[PDB]
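First the structure, in the form of structure tokens, and then the observations on it.
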Ligand SMILES: *[C@@H]1O[C@H](CO[C@@H]2O[C@@H](C)[C@@H](O)[C@@H](O)[C@@H]2O)[C@@H](O[C@@H]2O[C@H](CO)[C@@H](O[C@@H]3O[C@H](CO)[C@@H](O)[C@H](O)[C@@H]3O)[C@H](O)[C@H]2NC(C)=O)[C@H](O)[C@H]1NC(C)=O
Ligand SMILES: *[C@@H]1O[C@H](CO)[C@@H](O)[C@H](O)[C@H]1NC(C)=O
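In the entry's author numbering, the protein residues as written are 2 to 120.
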């Protein structure tokens with residue numbers, strides 16, 4: 002999936018600018034499909050759309066996982082010094098991977114814990 006895989010960037014601030022300029026481009030399609038699935042679950046019948054919403058959430062999560070992982074791997078040492086609040090905040094938001102940092106078994110346990118809690 003081209004949306005799932007980010008591009009090739011450098012470690013400089015201009016590379017970070019290209020990074021943050023492609024992030025919105027991917028976010029357009031992925032967030033659009035996510036909001037469309039949520040709308041279908043909400044504005045229409047709840048049946049035959051819950052699995053659509055679930056798969057949309059899964060693909061959005063994979064998008065964020067890959068893009069944030071690349072963000073961290075490239076700009077962990079230079080995340081602080083950027084001399085511009087906009088891209089600094091963009092990199093700060095993308096860097097935070099949430100629960101994605103956990104290994105496979107730990108992440109599965111965490112998600113199943115959340116599901117059991119809500120249920
Ligand atoms: C909570 O979730 C479990 C599944 O477990 C999930 O993964 C774990 C690694 C933890 O992170 C959990 O928090 C996480 O939710 C639901 O599945 C239930 O699991 C049990 C244990 O495996 C199943 O077997 C039971 O085991 C013993 C005997 O071996 C007896 O208690 C029962 O007779 C039963 O066999 C159980 O069938 C299974 N239930 C399902 C699949 O419906 C669990 O329902 C859910 N809620 C609670 C209250 O635990
Ligand atoms: C960017 O770097 C990655 C590092 O694995 C490499 O695989 C990829 O081909 C590079 N992209 C381009 C367009 O050269």
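All C-beta atoms in this analysis are idealised placements derived from N, C-alpha and C, irrespective of residue type, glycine included.
Check                                                                                                        : Outcome
Checking 8 Å against the spacing of the C-beta atoms, do residue 17 and residue 98 come in under that value? : no
Is the beta carbon of residue 34 within less than 7 Å of some heavy atom of ligand 1?                        : no
Can the beta-carbon of residue 38 be found closer than 8 Å to that of residue 57?                            : yes
Can you find a heavy atom of ligand 1 that lies under 7 Å from the Cβ of residue 113?                        : yes
Sorry if obvious, but does the Cβ on residue 110 come closer than 7 Å to a heavy atom of ligand 1?           : yes
So, with DSSP's three-state summary, where would you put residue 5?                                          : coil
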